[PDB]
Amino acid sequence: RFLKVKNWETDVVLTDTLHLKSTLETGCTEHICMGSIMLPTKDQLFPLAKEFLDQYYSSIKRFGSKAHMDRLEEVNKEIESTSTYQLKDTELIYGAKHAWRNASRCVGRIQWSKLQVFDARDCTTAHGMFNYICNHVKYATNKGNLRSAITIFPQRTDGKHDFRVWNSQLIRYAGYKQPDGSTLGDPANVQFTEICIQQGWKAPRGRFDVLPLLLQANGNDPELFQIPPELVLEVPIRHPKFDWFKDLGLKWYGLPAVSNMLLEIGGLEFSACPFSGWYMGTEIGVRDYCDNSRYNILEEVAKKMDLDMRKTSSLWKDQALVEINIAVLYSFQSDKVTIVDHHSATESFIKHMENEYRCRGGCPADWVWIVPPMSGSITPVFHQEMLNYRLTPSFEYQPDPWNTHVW
Amino acid sequence: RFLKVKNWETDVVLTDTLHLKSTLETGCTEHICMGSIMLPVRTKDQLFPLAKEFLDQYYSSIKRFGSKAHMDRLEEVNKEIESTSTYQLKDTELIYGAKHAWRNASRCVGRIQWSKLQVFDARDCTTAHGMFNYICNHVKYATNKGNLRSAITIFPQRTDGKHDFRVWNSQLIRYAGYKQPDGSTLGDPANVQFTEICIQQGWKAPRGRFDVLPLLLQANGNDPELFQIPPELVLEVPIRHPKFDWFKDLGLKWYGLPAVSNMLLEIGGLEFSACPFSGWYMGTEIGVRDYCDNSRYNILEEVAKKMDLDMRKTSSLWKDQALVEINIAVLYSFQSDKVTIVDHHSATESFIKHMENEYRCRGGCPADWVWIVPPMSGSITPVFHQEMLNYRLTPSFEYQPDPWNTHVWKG
Ligand code: HEM
Ligand code: HEM
Ligand SMILES: CNCc1cccc(CCc2ccc3c(C)cc(N)nc3c2)c1
Ligand SMILES: CNCc1cccc(CCc2ccc3c(C)cc(N)nc3c2)c1
Ligand SMILES: C[C@H](O)[C@H](O)[C@H]1CNc2nc(N)[nH]c(=O)c2N1
Ligand SMILES: C[C@H](O)[C@H](O)[C@H]1CNc2nc(N)[nH]c(=O)c2N1
Ligand SMILES: [Zn+2]
């Protein structure tokens, strides 16, 4: 009941007590572990509000104070009356920082307290959302000196008035299926790239075309907006040893900004809450460039290195994978765009774990997602036992809007 | 109840019913997942259900469920249990049991081979010397001049827990580790504690970097004894690199036969505490873990120096570069000497085929993603985007405490 986690490379042992404050469910049972599965009313609301306000007032060392009780009372009144309630700016900021803090799959959480929170709950239209998003992008990008941020649009009401950003990230490349069979651009975005055209987008039908924004305000029909190009920082990819690398014509954007998740605070649901940080090198080089269902450029690179691609035993895939990732990091660093390598990020996360166990009694962590997609065992998180559990406030998944939108 | 797993690279979806036959616990609850935790005397009372469940399984596989052969065996086992408090397995049952423990090993990526297991029945063994003999025959048969063959040798089952057979070594073949006074380690740091025990038990340690450890064998709950595997039985492979000639000068070599000897085999409620088993290596076991783990030979830096890599910032990925070259060398060396080895791309590919086939013919394949995914180049292997369900089936291989921690010393 007071759980222990061991690091087998350093024998260090942490004791977890934070898990007892867990609310939501994991997917697993005593008979079956689902750790590798990607996705497993007025009465509901007040306990949720209470739990949150209780942790909020605890966090500011005013647990059981006048302010505390008064606020609990005030929210209780507003719920009974309005069948929902509003967060004070302070609670909203606390909640967003804490959703990040509780993201068990996020390796970058040592940064959690430095999140810049933009309150966009006064937004009413898609044009309004566009403006807030542009502002977020420019602030976050900061001419390459990236800063973490989240922008929070109005909360769900009766689920018929939802704000949604239809893109999965604020900034992604288009994907169009070819007559010749294969795919131009980004295969992950083929269906979305089409719904854009299907709603009016004029695709340049190129390979690295920045997708337009598709913004839904108050449950209305979504609108197309193009992010000003000067706001989209991009990095051309070159290798610091191979000059032929640049002729592959590769580039990536500097700002990773996830826009399709739902932020839950004190039982309230924020269905539009785009958030951003900065990339770990492997995210672009290993998953984005080298996944089969993506840009899949391993073969091409390996050819240009003239490796023996006859037998898998030569490890040419591994050799290329490394070079590609050396290049990504090299390109960002040379162009002064923030990026972290998987060795540094994982080392930082171990330290963050140390801190969290010490000052909070634990840190929910999902090993399947924390371990990088290359060189796993040579990073310190590989031999680190982790406990995975769900705390709130949180970021959750939510259905793609098109599967739901009552037109 | 039906459960689905999706492969997110190919969109292939599979459906698991096999998890319904799951007995043991996972460690997980609805409120906590312990999927990355390494590890999360039995009476007539609980023995007959366990026996019955096994014999049911067994007679189904041979398509004789409910036959007179089936019923008579249940009655036979029952009588023997209430009469003797345990029971004996037939050879057919032993063999079936051992194949299935491998087959149910959720952490094993090489399970495609599970039906080709050579089972040696060592239940007539009574002494340590007898154990040494059986183990030598195992090593020779399994090794087969480099053309490796999967095998398991099974010593007598536990009775009262006070007369256990144990192989004290974690693997039949492993290199000594010696802690030096300056805190440095000579040889394999993973085996220091065990090495010390051997020295204490009278082993004359040559104190080199690659000394093969002696066998420490316990028969029938007696004190363990030391035996030296004949060197001619120990196949080793010097490590060289196909392009780098300085690599051989690092003086590395590894043994060819991976043979795990500290696990417990459970079949129909019976516990086999000494059951050494072997297959062949996946390259990264030696190249990534055995050489490059910080708690192991840790030659990453030395290889990187000789490659003249930019070791100033980690973002040069020098570590990643040296790791690949070291694994290239391991495979190259083994193939050149015609000693069976499999690369991680080949092994994961085969596993996905195995797994898919297991879902069709069996209704599932328990699998521990945390252990199935290779320790380098994870996402460019096909298991990485493969959702997997983990649950525990018997027969099974289980962990057990180290014997030096539990043994009652005779003298
Ligand atoms: C600042 C540097 C950051 C780094 C280096 C980072 C890194 C990562 C990485 C590597 C993953 C694994 C996902 C994958 O492999 O594609 C991840 C997931 C995640 N990150 Fe972070 N992140 C950062 C900032 C943030 C911020 C600011 C937030 C929210 C405020 C956040 C929330 C999340 C969430 C919720 C997930 C899991 C998403 C899911 O379950 O699909 N991250 N992050
Ligand atoms: C024939 C070639 C085989 C290959 C390539 C193979 C591969 C592997 C690998 C790579 C691991 C993970 C080890 C690690 O990285 O730490 C593993 C674990 C395991 N293997 Fe296999 N294996 C083979 C044969 C066998 C055989 C013959 C058995 C038993 C009869 C077996 C039973 C197991 C078990 C029980 C585990 C998990 C042990 C644990 O949970 O600590 N394997 N295997
Ligand atoms: C290969 N992934 C597959 C996949 C599948 C579903 C969702 C995701 C998003 C993970 C995610 C979410 C937010 C992030 C932020 C803020 C920064 C950052 N550097 N990385 C981030 C990654 C990814
Ligand atoms: C460096 N890892 C740490 C670690 C910790 C506990 C146990 C193990 C060995 C797993 C194991 C057991 C049996 C195996 C057989 C028969 C063949 C084979 N190729 N590999 C095998 C691996 C490893
Ligand atoms: C099926 C597989 O478990 C799933 O796609 C996960 C595996 N681990 C991952 N880990 C990270 N960091 N990112 C991912 O997208 C995934 N994918
Ligand atoms: C804590 C962590 O789960 C543990 O060290 C595991 C991780 N996955 C592994 N996977 C393999 N194949 N071998 C291992 O030894 C480990 N170690
Ligand atoms: Zn679990």
# chains A, B, ... in the order shown; residues from 1 in each chain; ligands from 1

$ interface_residues --of "chain A" --to "chain B" --cutoff "7 Å" --atoms "only C-alpha atoms" --output "ChimeraX atom specification"
/A:9,22,24-37,291-293,312-315,318-319,322,326,329,341,343,367-368,373-378,385-389

$ residues_near_ligand --ligand "ligand 4" --cutoff "6 Å" --atoms "only C-alpha atoms and all ligand atoms" --output "list in words"
residues 258, 259, 260, 277, 278, 279, 280, 281, 282 and 289 of chain B

$ write_last_selection --atoms "N, CA and C atoms" --output "mmCIF file, in the first residue's frame"
data_model
loop_
_atom_site.group_PDB
_atom_site.id
_atom_site.type_symbol
_atom_site.label_atom_id
_atom_site.label_comp_id
_atom_site.auth_asym_id
_atom_site.auth_seq_id
_atom_site.Cartn_x
_atom_site.Cartn_y
_atom_site.Cartn_z
ATOM 1 N N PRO B 258 23.284 -18.991 -24.062
ATOM 2 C CA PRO B 258 22.490 -18.392 -22.991
ATOM 3 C C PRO B 258 21.651 -19.465 -22.274
ATOM 4 N N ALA B 259 21.946 -19.724 -21.005
ATOM 5 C CA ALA B 259 21.306 -20.833 -20.293
ATOM 6 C C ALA B 259 20.900 -20.378 -18.903
ATOM 7 N N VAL B 260 19.603 -20.133 -18.699
ATOM 8 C CA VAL B 260 19.156 -19.539 -17.426
ATOM 9 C C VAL B 260 18.797 -20.613 -16.413
ATOM 10 N N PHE B 277 17.609 -23.803 -18.401
ATOM 11 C CA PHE B 277 17.090 -23.864 -19.787
ATOM 12 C C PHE B 277 17.854 -22.923 -20.736
ATOM 13 N N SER B 278 17.975 -23.317 -22.002
ATOM 14 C CA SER B 278 18.791 -22.540 -22.920
ATOM 15 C C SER B 278 18.168 -22.446 -24.299
ATOM 16 N N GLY B 279 18.528 -21.386 -25.021
ATOM 17 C CA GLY B 279 18.149 -21.215 -26.405
ATOM 18 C C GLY B 279 19.376 -20.699 -27.118
ATOM 19 N N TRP B 280 19.229 -19.573 -27.812
ATOM 20 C CA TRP B 280 20.379 -18.830 -28.338
ATOM 21 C C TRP B 280 20.162 -17.329 -28.180
ATOM 22 N N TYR B 281 21.216 -16.551 -28.407
ATOM 23 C CA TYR B 281 21.175 -15.130 -28.106
ATOM 24 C C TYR B 281 20.550 -14.283 -29.197
ATOM 25 N N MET B 282 19.814 -13.268 -28.762
ATOM 26 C CA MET B 282 19.523 -12.115 -29.607
ATOM 27 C C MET B 282 20.703 -11.175 -29.398
ATOM 28 N N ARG B 289 22.962 -4.769 -23.463
ATOM 29 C CA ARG B 289 22.921 -4.949 -22.015
ATOM 30 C C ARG B 289 24.270 -5.400 -21.433
#

$ atom_distance --atom1 "CA of residue 254 (chain B)" --atom2 "CA of residue 230 (chain B)"
16.6 Å

$ residues_around --residues "residue 240 (chain A)" --least-positions-apart "4" --cutoff "12 Å" --atoms "only C-alpha atoms" --output "list in words"
residues 244, 245, 246, 323, 324, 325, 326, 327, 328, 329, 330, 331, 332, 333 and 334 of chain A; 310 and 316 of chain B

$ residues_near_ligand --ligand "ligand 3" --cutoff "6 Å" --atoms "only C-alpha atoms and all ligand atoms" --output "VMD selection string"
chain A and resid 256 to 258 275 to 280 287

$ write_last_selection --atoms "C-alpha atoms" --output "tab-separated table (two decimals), in the first residue's frame"
chain	number	residue	atom	x	y	z
A	256	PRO	CA	5.29	21.15	-31.02
A	257	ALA	CA	1.84	22.22	-29.96
A	258	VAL	CA	-0.78	19.58	-29.22
A	275	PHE	CA	-0.51	23.54	-25.45
A	276	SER	CA	3.13	23.63	-26.50
A	277	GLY	CA	6.67	23.10	-25.29
A	278	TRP	CA	9.73	22.16	-27.36
A	279	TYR	CA	10.81	18.99	-29.14
A	280	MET	CA	12.92	16.10	-27.92
A	287	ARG	CA	8.92	8.69	-35.03

$ closest_atom_pairs --of "chain A" --to "ligand 6" --cutoff "8 Å" --atoms "only C-alpha atoms and all ligand atoms" --output "Markdown table"
| residue | atom | partner | partner_atom_place_in_ligand_line | distance |
| --- | --- | --- | --- | --- |
| A:6 | CA | ligand 6 | 1 (C) | 7.4 |
| A:7 | CA | ligand 6 | 1 (C) | 6.7 |
| A:8 | CA | ligand 6 | 5 (O) | 6.1 |
| A:367 | CA | ligand 6 | 3 (O) | 7.4 |
| A:381 | CA | ligand 6 | 1 (C) | 7.9 |
| A:382 | CA | ligand 6 | 2 (C) | 5.7 |
| A:383 | CA | ligand 6 | 5 (O) | 3.8 |
| A:384 | CA | ligand 6 | 1 (C) | 4.5 |
| A:385 | CA | ligand 6 | 1 (C) | 3.9 |
| A:386 | CA | ligand 6 | 1 (C) | 7.0 |

$ write_last_selection --atoms "N, CA, C and O atoms" --output "PDB file, in the first residue's frame"
ATOM      1  N   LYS A   6      12.291   0.758  -7.540  1.00  0.00           N
ATOM      2  CA  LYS A   6      13.729   0.597  -7.547  1.00  0.00           C
ATOM      3  C   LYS A   6      14.309   0.986  -8.898  1.00  0.00           C
ATOM      4  O   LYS A   6      13.735   0.678  -9.948  1.00  0.00           O
ATOM      5  N   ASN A   7      15.444   1.676  -8.868  1.00  0.00           N
ATOM      6  CA  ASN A   7      16.247   1.870 -10.062  1.00  0.00           C
ATOM      7  C   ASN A   7      17.317   0.792 -10.025  1.00  0.00           C
ATOM      8  O   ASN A   7      18.081   0.716  -9.073  1.00  0.00           O
ATOM      9  N   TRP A   8      17.356  -0.071 -11.034  1.00  0.00           N
ATOM     10  CA  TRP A   8      18.241  -1.238 -10.976  1.00  0.00           C
ATOM     11  C   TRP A   8      19.684  -0.916 -11.387  1.00  0.00           C
ATOM     12  O   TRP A   8      20.610  -1.685 -11.111  1.00  0.00           O
ATOM     13  N   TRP A 367       6.149   4.058 -18.222  1.00  0.00           N
ATOM     14  CA  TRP A 367       7.450   3.627 -18.750  1.00  0.00           C
ATOM     15  C   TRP A 367       7.383   3.409 -20.269  1.00  0.00           C
ATOM     16  O   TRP A 367       8.284   3.808 -21.013  1.00  0.00           O
ATOM     17  N   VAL A 381      16.283   6.133 -17.644  1.00  0.00           N
ATOM     18  CA  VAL A 381      14.888   5.800 -17.353  1.00  0.00           C
ATOM     19  C   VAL A 381      14.581   4.330 -17.613  1.00  0.00           C
ATOM     20  O   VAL A 381      13.613   3.803 -17.077  1.00  0.00           O
ATOM     21  N   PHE A 382      15.407   3.669 -18.421  1.00  0.00           N
ATOM     22  CA  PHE A 382      15.164   2.274 -18.790  1.00  0.00           C
ATOM     23  C   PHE A 382      15.153   1.348 -17.589  1.00  0.00           C
ATOM     24  O   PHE A 382      14.353   0.414 -17.530  1.00  0.00           O
ATOM     25  N   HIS A 383      16.050   1.579 -16.640  1.00  0.00           N
ATOM     26  CA  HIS A 383      16.147   0.657 -15.508  1.00  0.00           C
ATOM     27  C   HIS A 383      15.391   1.211 -14.337  1.00  0.00           C
ATOM     28  O   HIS A 383      15.522   0.729 -13.205  1.00  0.00           O
ATOM     29  N   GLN A 384      14.608   2.244 -14.611  1.00  0.00           N
ATOM     30  CA  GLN A 384      13.849   2.907 -13.567  1.00  0.00           C
ATOM     31  C   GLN A 384      12.453   2.318 -13.498  1.00  0.00           C
ATOM     32  O   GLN A 384      11.650   2.523 -14.405  1.00  0.00           O
ATOM     33  N   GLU A 385      12.152   1.600 -12.426  1.00  0.00           N
ATOM     34  CA  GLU A 385      10.766   1.203 -12.171  1.00  0.00           C
ATOM     35  C   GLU A 385       9.896   2.441 -12.032  1.00  0.00           C
ATOM     36  O   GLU A 385      10.312   3.434 -11.433  1.00  0.00           O
ATOM     37  N   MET A 386       8.707   2.400 -12.625  1.00  0.00           N
ATOM     38  CA  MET A 386       7.761   3.501 -12.513  1.00  0.00           C
ATOM     39  C   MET A 386       6.386   2.981 -12.117  1.00  0.00           C
ATOM     40  O   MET A 386       6.049   1.832 -12.378  1.00  0.00           O
TER      41      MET A 386
END

$ closest_residue --among "B:70, B:149, B:63, B:138" --to "ligand 2" --atoms "only C-alpha atoms and all ligand atoms"
B:149

$ closest_atom_pairs --of "chain A" --to "ligand 1" --cutoff "7 Å" --atoms "only C-alpha atoms and all ligand atoms" --output "JSON lines"
{"residue": "A:96", "atom": "CA", "partner": "ligand 1", "partner_atom_place_in_ligand_line": "30 (C)", "distance": 6.9}
{"residue": "A:97", "atom": "CA", "partner": "ligand 1", "partner_atom_place_in_ligand_line": "30 (C)", "distance": 6.7}
{"residue": "A:99", "atom": "CA", "partner": "ligand 1", "partner_atom_place_in_ligand_line": "30 (C)", "distance": 6.9}
{"residue": "A:100", "atom": "CA", "partner": "ligand 1", "partner_atom_place_in_ligand_line": "30 (C)", "distance": 4.5}
{"residue": "A:103", "atom": "CA", "partner": "ligand 1", "partner_atom_place_in_ligand_line": "35 (C)", "distance": 4.9}
{"residue": "A:105", "atom": "CA", "partner": "ligand 1", "partner_atom_place_in_ligand_line": "37 (C)", "distance": 4.8}
{"residue": "A:106", "atom": "CA", "partner": "ligand 1", "partner_atom_place_in_ligand_line": "43 (N)", "distance": 4.0}
{"residue": "A:107", "atom": "CA", "partner": "ligand 1", "partner_atom_place_in_ligand_line": "7 (C)", "distance": 5.1}
{"residue": "A:108", "atom": "CA", "partner": "ligand 1", "partner_atom_place_in_ligand_line": "4 (C)", "distance": 3.9}
{"residue": "A:109", "atom": "CA", "partner": "ligand 1", "partner_atom_place_in_ligand_line": "23 (C)", "distance": 6.6}
{"residue": "A:111", "atom": "CA", "partner": "ligand 1", "partner_atom_place_in_ligand_line": "1 (C)", "distance": 6.3}
{"residue": "A:112", "atom": "CA", "partner": "ligand 1", "partner_atom_place_in_ligand_line": "27 (C)", "distance": 6.9}
{"residue": "A:115", "atom": "CA", "partner": "ligand 1", "partner_atom_place_in_ligand_line": "27 (C)", "distance": 6.5}
{"residue": "A:148", "atom": "CA", "partner": "ligand 1", "partner_atom_place_in_ligand_line": "27 (C)", "distance": 5.0}
{"residue": "A:149", "atom": "CA", "partner": "ligand 1", "partner_atom_place_in_ligand_line": "27 (C)", "distance": 6.0}
{"residue": "A:150", "atom": "CA", "partner": "ligand 1", "partner_atom_place_in_ligand_line": "30 (C)", "distance": 6.2}
{"residue": "A:275", "atom": "CA", "partner": "ligand 1", "partner_atom_place_in_ligand_line": "30 (C)", "distance": 5.4}
{"residue": "A:276", "atom": "CA", "partner": "ligand 1", "partner_atom_place_in_ligand_line": "27 (C)", "distance": 5.0}
{"residue": "A:277", "atom": "CA", "partner": "ligand 1", "partner_atom_place_in_ligand_line": "1 (C)", "distance": 3.8}
{"residue": "A:278", "atom": "CA", "partner": "ligand 1", "partner_atom_place_in_ligand_line": "2 (C)", "distance": 4.6}
{"residue": "A:279", "atom": "CA", "partner": "ligand 1", "partner_atom_place_in_ligand_line": "5 (C)", "distance": 5.2}
{"residue": "A:280", "atom": "CA", "partner": "ligand 1", "partner_atom_place_in_ligand_line": "5 (C)", "distance": 4.8}
{"residue": "A:283", "atom": "CA", "partner": "ligand 1", "partner_atom_place_in_ligand_line": "16 (O)", "distance": 5.8}
{"residue": "A:340", "atom": "CA", "partner": "ligand 1", "partner_atom_place_in_ligand_line": "5 (C)", "distance": 6.5}
{"residue": "A:345", "atom": "CA", "partner": "ligand 1", "partner_atom_place_in_ligand_line": "5 (C)", "distance": 6.5}
{"residue": "A:369", "atom": "CA", "partner": "ligand 1", "partner_atom_place_in_ligand_line": "12 (C)", "distance": 5.7}
{"residue": "A:370", "atom": "CA", "partner": "ligand 1", "partner_atom_place_in_ligand_line": "12 (C)", "distance": 6.5}
{"residue": "A:395", "atom": "CA", "partner": "ligand 1", "partner_atom_place_in_ligand_line": "35 (C)", "distance": 5.3}

$ write_last_selection --atoms "N, CA, C and O atoms" --output "JSON list (two decimals), in the first residue's frame"
[["chain", "number", "residue", "atom", "x", "y", "z"],
["A", 96, "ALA", "N", -3.85, 24.10, -14.67],
["A", 96, "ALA", "CA", -3.23, 23.78, -15.95],
["A", 96, "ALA", "C", -1.80, 23.28, -15.72],
["A", 96, "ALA", "O", -1.34, 22.29, -16.35],
["A", 97, "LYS", "N", -1.09, 23.96, -14.83],
["A", 97, "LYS", "CA", 0.26, 23.54, -14.44],
["A", 97, "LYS", "C", 0.20, 22.12, -13.90],
["A", 97, "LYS", "O", 1.10, 21.30, -14.15],
["A", 99, "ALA", "N", -2.22, 19.74, -14.50],
["A", 99, "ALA", "CA", -2.54, 18.77, -15.54],
["A", 99, "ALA", "C", -1.25, 18.29, -16.21],
["A", 99, "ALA", "O", -1.09, 17.09, -16.50],
["A", 100, "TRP", "N", -0.33, 19.23, -16.44],
["A", 100, "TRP", "CA", 0.96, 18.91, -17.04],
["A", 100, "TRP", "C", 1.73, 18.05, -16.06],
["A", 100, "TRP", "O", 2.24, 16.99, -16.41],
["A", 103, "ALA", "N", 0.75, 14.51, -16.15],
["A", 103, "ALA", "CA", 0.78, 13.77, -17.41],
["A", 103, "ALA", "C", 1.81, 12.63, -17.37],
["A", 103, "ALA", "O", 2.98, 12.81, -17.71],
["A", 105, "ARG", "N", 2.70, 10.31, -19.12],
["A", 105, "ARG", "CA", 3.45, 9.92, -20.31],
["A", 105, "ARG", "C", 4.46, 10.95, -20.75],
["A", 105, "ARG", "O", 5.16, 10.73, -21.75],
["A", 106, "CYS", "N", 4.55, 12.06, -20.02],
["A", 106, "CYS", "CA", 5.40, 13.18, -20.45],
["A", 106, "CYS", "C", 6.78, 13.17, -19.78],
["A", 106, "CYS", "O", 6.89, 13.28, -18.55],
["A", 107, "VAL", "N", 7.83, 13.07, -20.59],
["A", 107, "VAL", "CA", 9.19, 13.03, -20.06],
["A", 107, "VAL", "C", 9.71, 14.44, -19.69],
["A", 107, "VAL", "O", 10.71, 14.58, -18.96],
["A", 108, "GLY", "N", 9.03, 15.47, -20.16],
["A", 108, "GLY", "CA", 9.53, 16.83, -20.05],
["A", 108, "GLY", "C", 9.01, 17.61, -18.86],
["A", 108, "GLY", "O", 9.10, 18.84, -18.82],
["A", 109, "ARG", "N", 8.48, 16.90, -17.87],
["A", 109, "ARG", "CA", 7.70, 17.54, -16.82],
["A", 109, "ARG", "C", 8.51, 18.30, -15.78],
["A", 109, "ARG", "O", 7.94, 18.92, -14.89],
["A", 111, "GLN", "N", 9.78, 20.85, -16.09],
["A", 111, "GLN", "CA", 9.54, 22.24, -16.44],
["A", 111, "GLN", "C", 8.17, 22.71, -15.98],
["A", 111, "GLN", "O", 7.81, 23.88, -16.17],
["A", 112, "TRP", "N", 7.40, 21.80, -15.38],
["A", 112, "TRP", "CA", 5.96, 21.98, -15.26],
["A", 112, "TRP", "C", 5.50, 23.30, -14.65],
["A", 112, "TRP", "O", 4.48, 23.85, -15.05],
["A", 115, "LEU", "N", 5.01, 26.98, -16.82],
["A", 115, "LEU", "CA", 4.02, 27.11, -17.88],
["A", 115, "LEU", "C", 3.37, 28.50, -17.92],
["A", 115, "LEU", "O", 2.89, 28.99, -16.90],
["A", 148, "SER", "N", 7.22, 27.31, -22.93],
["A", 148, "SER", "CA", 6.01, 26.52, -22.74],
["A", 148, "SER", "C", 4.78, 27.39, -22.58],
["A", 148, "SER", "O", 4.80, 28.36, -21.82],
["A", 149, "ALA", "N", 3.69, 27.01, -23.23],
["A", 149, "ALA", "CA", 2.44, 27.72, -23.06],
["A", 149, "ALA", "C", 1.19, 26.88, -23.32],
["A", 149, "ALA", "O", 1.22, 25.87, -24.02],
["A", 150, "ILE", "N", 0.09, 27.34, -22.75],
["A", 150, "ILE", "CA", -1.21, 26.75, -23.03],
["A", 150, "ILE", "C", -2.21, 27.90, -23.14],
["A", 150, "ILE", "O", -2.09, 28.89, -22.40],
["A", 275, "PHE", "N", -1.72, 23.34, -26.24],
["A", 275, "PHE", "CA", -0.51, 23.54, -25.45],
["A", 275, "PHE", "C", 0.78, 23.13, -26.17],
["A", 275, "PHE", "O", 0.77, 22.27, -27.05],
["A", 276, "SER", "N", 1.89, 23.75, -25.78],
["A", 276, "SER", "CA", 3.13, 23.63, -26.50],
["A", 276, "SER", "C", 4.32, 23.70, -25.57],
["A", 276, "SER", "O", 4.28, 24.33, -24.51],
["A", 277, "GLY", "N", 5.41, 23.07, -26.00],
["A", 277, "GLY", "CA", 6.67, 23.10, -25.29],
["A", 277, "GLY", "C", 7.77, 23.21, -26.33],
["A", 277, "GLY", "O", 7.78, 24.15, -27.12],
["A", 278, "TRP", "N", 8.71, 22.28, -26.31],
["A", 278, "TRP", "CA", 9.73, 22.16, -27.36],
["A", 278, "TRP", "C", 10.04, 20.68, -27.59],
["A", 278, "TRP", "O", 9.76, 19.84, -26.74],
["A", 279, "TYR", "N", 10.64, 20.37, -28.72],
["A", 279, "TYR", "CA", 10.81, 18.99, -29.14],
["A", 279, "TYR", "C", 11.95, 18.27, -28.42],
["A", 279, "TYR", "O", 12.99, 18.88, -28.12],
["A", 280, "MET", "N", 11.78, 16.98, -28.17],
["A", 280, "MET", "CA", 12.92, 16.10, -27.92],
["A", 280, "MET", "C", 13.36, 15.62, -29.30],
["A", 280, "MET", "O", 12.51, 15.36, -30.15],
["A", 283, "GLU", "N", 11.64, 12.70, -31.32],
["A", 283, "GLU", "CA", 10.26, 12.86, -31.75],
["A", 283, "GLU", "C", 10.14, 13.11, -33.25],
["A", 283, "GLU", "O", 9.28, 12.54, -33.91],
["A", 340, "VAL", "N", 15.87, 19.34, -27.18],
["A", 340, "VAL", "CA", 16.64, 18.56, -26.22],
["A", 340, "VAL", "C", 16.92, 17.16, -26.76],
["A", 340, "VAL", "O", 16.10, 16.60, -27.48],
["A", 345, "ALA", "N", 17.07, 14.81, -21.76],
["A", 345, "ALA", "CA", 15.68, 14.82, -21.30],
["A", 345, "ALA", "C", 15.40, 13.73, -20.27],
["A", 345, "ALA", "O", 14.77, 13.99, -19.23],
["A", 369, "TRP", "N", 5.88, 4.98, -22.44],
["A", 369, "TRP", "CA", 5.96, 6.26, -23.15],
["A", 369, "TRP", "C", 7.15, 7.12, -22.72],
["A", 369, "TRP", "O", 7.63, 7.95, -23.50],
["A", 370, "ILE", "N", 7.64, 6.92, -21.50],
["A", 370, "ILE", "CA", 8.80, 7.69, -21.03],
["A", 370, "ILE", "C", 10.12, 7.23, -21.69],
["A", 370, "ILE", "O", 10.95, 8.05, -22.05],
["A", 395, "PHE", "N", -4.89, 15.98, -18.54],
["A", 395, "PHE", "CA", -5.19, 16.05, -19.98],
["A", 395, "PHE", "C", -5.69, 14.68, -20.41],
["A", 395, "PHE", "O", -5.08, 13.66, -20.12]]

$ residues_around --residues "residue 231 (chain B)" --least-positions-apart "5" --cutoff "12 Å" --atoms "only C-alpha atoms" --output "ChimeraX atom specification"
/B:136,139-140,173,211-214,236,255

$ closest_residue --among "A:358, A:251, A:19, A:138" --to "residue 104 (chain A)" --atoms "only C-alpha atoms"
A:19

$ select_by_dssp --residues "region 167-324 of chain A" --states "strand (DSSP E or B)" --output "PyMOL selection string"
chain A and resi 169+173+175-177+183-185+210+213-216+223-225+234-236+251-253+257-258+262-265+268-270+275-276+280

$ residues_around --residues "residue 56 (chain B)" --least-positions-apart "2" --cutoff "12 Å" --atoms "only C-alpha atoms" --output "list in words"
residues 48, 49, 50, 51, 52, 53, 54, 58, 59, 60, 61, 62, 63, 64, 65, 66, 67, 69, 70, 71, 73, 74, 93 and 268 of chain B
